[PDB]
Amino acid sequence: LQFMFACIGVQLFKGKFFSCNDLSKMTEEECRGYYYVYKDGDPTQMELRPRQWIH
Amino acid sequence: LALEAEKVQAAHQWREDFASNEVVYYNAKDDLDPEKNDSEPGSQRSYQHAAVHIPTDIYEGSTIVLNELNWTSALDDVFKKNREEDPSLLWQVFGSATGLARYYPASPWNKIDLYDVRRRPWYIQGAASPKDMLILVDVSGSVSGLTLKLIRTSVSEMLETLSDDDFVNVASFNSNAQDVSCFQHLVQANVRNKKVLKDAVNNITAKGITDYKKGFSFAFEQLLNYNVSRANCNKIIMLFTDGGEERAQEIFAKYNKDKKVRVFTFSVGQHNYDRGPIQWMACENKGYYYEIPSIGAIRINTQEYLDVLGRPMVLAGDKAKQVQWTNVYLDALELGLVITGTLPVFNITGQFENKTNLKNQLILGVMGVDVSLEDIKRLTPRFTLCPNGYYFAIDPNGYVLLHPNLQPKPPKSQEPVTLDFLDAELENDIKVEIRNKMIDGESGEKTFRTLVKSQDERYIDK
Amino acid sequence: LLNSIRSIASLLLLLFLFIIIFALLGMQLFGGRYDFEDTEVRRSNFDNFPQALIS
Amino acid sequence: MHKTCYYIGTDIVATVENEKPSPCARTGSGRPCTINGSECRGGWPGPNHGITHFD
Amino acid sequence: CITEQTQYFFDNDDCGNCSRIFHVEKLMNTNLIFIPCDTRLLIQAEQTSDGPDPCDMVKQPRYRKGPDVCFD
Amino acid sequence: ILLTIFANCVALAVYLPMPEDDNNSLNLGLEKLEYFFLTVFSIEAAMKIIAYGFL
């Protein structure tokens, strides 16, 4: 079963999961450079991050 | 820059590949002189090369970026330098879709540079003016407090994004339509008016079912009117909502067919409601729908809020490219307040290129303003609010009060310094007649005394 | 092994039923308010019927 | 419960654990909990962690 | 206070005059001055409107080809 | 009665979608329909009057 679901997931997910930060980049190649993170929610607490990509 | 940037862009080839030689490296030639600032090193990517600012979120690593970077500087540098042949251009500046081109190497820039250009007002002036604006927040007992927070921030900034000479309301609606108090809108002191409306937005609890059409019913209507002010032009409304459940073509045909109405619909956050009826709507009525998923709110707001309104300007507009001067405001770099004349630059077949401008120190604006034959005051009121009158100093006005809660604090100046002529200096009715006379600009040499008490340091004369 | 499934299937269906009632009531409870301002990811929170199923 | 309900701290999240003036921390990828209480507080779990407090 | 009462009578017999300044330390401080000292800030909103605005230029909006590109 | 109960299940499963306090959409009409099920079941209660009462 490990094999079966393996074969299922691979030929259905292989291109996926190469995640960015956050969704706001999409193409895991368009990704590059820094990227804001606002603590909590208030748009007066910015913090830079050399984000993306994600494995 | 118009005549020339139009050409290179027409022949920029725009081939990808790149990688090799662009621009690149980083020039670094120290200097110091007039117009403050020690020119030295300036390349995030006088004379000596050119500075090229980028949005801190935008990354110097794209087909689009460098492709611009070539053709822009590739000719701009030369002729702008030719413009330096005639001192003293204080800050020649180019502004594109993204990156700045600052001539001569003023050094950009633990502070975070949240600064953009699409947002920064002089650029906003350079694309489609003016704008009759009527917001419809959807406060319907439907949005959570989450997307409510987001949308709250959204209006909260967008009005800042909104032009500072364009009328605006806020039509909250659900189970009933209603307005934040004013009922006229607005001219905007920017300072006070926008603040009122904004803080009013600050309290905007969701509560009630979606009337939908009824809000529209007032939306066109509150947009309709005729009685005074209004400032006739483009006539557009902006829905910020989770997702409409219906078409409302009935009301549309009932009040629109001239299609002077526009619709900008902004679905936000996640939710799951269909974009359909909405996506139907803006396209239905000339208008360009697009979303704000999280806090991508900054750049997305500007991205087509102006350009979609740039359509008429792209068309018959061409002889219209007369320079479009701005209201006074502080420079992003330390320098003091500086008026900036802008002009648009067109593509070739597409949706407009980019908006060049010149900084003009109000300092040297004062250099033309002699102060020696006299010893009291000049004052130079704008076509509407403000002058540059030596009746005041150099700080961003500000709303009212509020000491910030120190507890949460462990987003830095926004400008413009808008001012009433009326408030810059003492009221006299007759003098009010005078500013209301000059604001139309009709009268020429018309002049007379008004006997009047006058404020000084801290006690008045007459 | 599979022959047992024919026996257990009814009880499995009752399990599906318990899943159903609990899910719907949940939807009309937690998700019956659902809202929570700030600040993601929130994950599953009964905002929709399938969502309540998975949760 | 006398401990969990309260805290005191300051500066970079490097306040000493389990040696007087010490407290349980919110999970987080960083944790600081602005309150303020000097430079950020530093210890609550009855509600920010949710109910779990022994009070 | 009592001196401001004698001052009140002095007013009955000088020039109480609110005079807002939008400048100062950020906040929109009001200033009475007589012909006692700077305080906080408040009020405006207004009901009756005034000061005619103007433009009478450009305002391009008429079109002959609004492409239905929409989004997306 | 069984199939109308199935109608209950379906109509409610839809009814959960969505909520978020007020607003409402398609379910707004179903709101009568629960009265419909009500009166039907109540008619079966009228039959229950003919049943066995305390027995």
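Details
- The listed residues are E:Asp50, E:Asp68, and the only one of them that is under 30 Å from B:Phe183 (Cβ atoms) and of a type in the set (D, E, K, R) turns out to be E:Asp50.
- One residue from C:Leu12, C:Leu29, C:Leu1, C:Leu17 being over 29 Å from F:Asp22 (Cβ atoms), of a type outside the set (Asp, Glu) and in a loop (DSSP other than H, G, I, E, B): C:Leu1
- Restricting attention to the range B:131-147, the residues that are closer than 16 Å to B:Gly244 by Cα and of a type in the set (A, V, I, L, M) add up to 5.
- Evaluating B:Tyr255 against the criteria (1) more than 26 Å from B:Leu186 (Cβ to Cβ); (2) in contact with an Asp or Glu (Cβ under 8 Å, 6 or more places away or on another chain) leaves one unmet condition, (1).
- Scan of the range B:441-460 for residues that are in a loop (DSSP other than H, G, I, E, B), surrounded by 10 or more Cβ atoms within 10 Å (Cβ to Cβ) and of a type in the set (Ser, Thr, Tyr), ordered by number: B:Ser443, B:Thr450, B:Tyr459
- All conditions in (1) at negative phi; (2) surrounded by 18 or more Cβ atoms within 10 Å (Cβ to Cβ) hold for B:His185, with the sole exception of (1).
- If you check B:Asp57, B:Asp86, B:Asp113 for being charged (D, E, K, R) and loosely packed, with under 15 Cβ neighbours inside 10 Å, only one passes: B:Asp86.
- Residue that is nearest to C:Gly31 (Cα to Cα) [pool: residues in the range F:21-39 that are part of a helix (DSSP H, G or I) and of a type in the set (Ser, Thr, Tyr)]: F:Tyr35
- D:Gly50 being closer than 23 Å to B:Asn405 by Cβ and in a loop (DSSP other than H, G, I, E, B): no
- F:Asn27 polar (S, T, N, Q), within 14 Å of another protein chain (Cβ to nearest Cβ), surrounded by 12 or more Cβ atoms within 10 Å (Cβ to Cβ) and on the phi > 0 side of the Ramachandran plot: no
- Unmet criterion (only one of (1) closer than 17 Å to B:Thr241 by Cβ; (2) under 21 Å from the mean Cα position of the chain (by Cα)) for B:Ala189: (1)
- Where a residue in the range B:197-218 is within 13 Å of chain F (Cβ to nearest Cβ) and its partner, wherever it lies, is β-branched (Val, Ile, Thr) and crowded, with 20+ Cβ neighbours inside 10 Å, with Cβ under 8 Å and at least six apart: B:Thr205/B:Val139; B:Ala206/B:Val139; B:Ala206/B:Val143; B:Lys207/B:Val139; B:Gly208/B:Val139
- Among the residues making up the range B:340-374, a single one is of a type in the set (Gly, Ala, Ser), in contact with a strand residue (DSSP E or B) (Cβ under 8 Å, 6 or more places away or on another chain) and not in a helix (DSSP H, G or I): B:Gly341.
- Residues that are at the interface with chain B (Cβ under 8 Å from one of its Cβ atoms) and in contact with a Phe, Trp or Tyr (Cβ under 9 Å, 6 or more places away or on another chain) were ranked within the range E:27-52; the one that is surrounded by the fewest Cβ atoms within 10 Å (Cβ to Cβ) is E:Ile35.
- Hits in the range B:191-220 - residues which are more than 25 Å from B:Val263 (Cβ to Cβ) and of a type in the set (S, T, N, Q): B:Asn202, B:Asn203, B:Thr205
- Within the range B:276-298, residues that are more than 8 Å from chain E (Cβ to nearest Cβ) and aromatic (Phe, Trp, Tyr) sit with their Cβ atoms under 9 Å from residues that are part of a loop (DSSP other than H, G, I, E, B) and surrounded by fewer than 19 Cβ atoms within 10 Å (Cβ to Cβ), at 6+ positions apart or across chains, in these pairs: B:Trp280/B:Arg247.
- Cβ pairs under 9 Å, 6+ apart, first in the range B:12-26 and within 24 Å of B:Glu353 (Cα to Cα), second in a loop (DSSP other than H, G, I, E, B): B:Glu22/B:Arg45; B:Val23/B:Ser43; B:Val23/B:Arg45; B:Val23/B:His49; B:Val23/B:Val52; B:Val24/B:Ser43; B:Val24/B:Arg45
- Pairs, first surrounded by 11 or more Cβ atoms within 10 Å (Cβ to Cβ) in the range B:354-373, second part of a helix (DSSP H, G or I), C-beta under 7 Å, six or more apart: B:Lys355/B:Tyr123; B:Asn357/B:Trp122
Each value in this text was obtained by applying a stated rule to the coordinates, not by laboratory testing. Don't worry about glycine lacking a Cβ; one is built from the backbone with ideal geometry, like all the others, and counts go over all protein chains shown.
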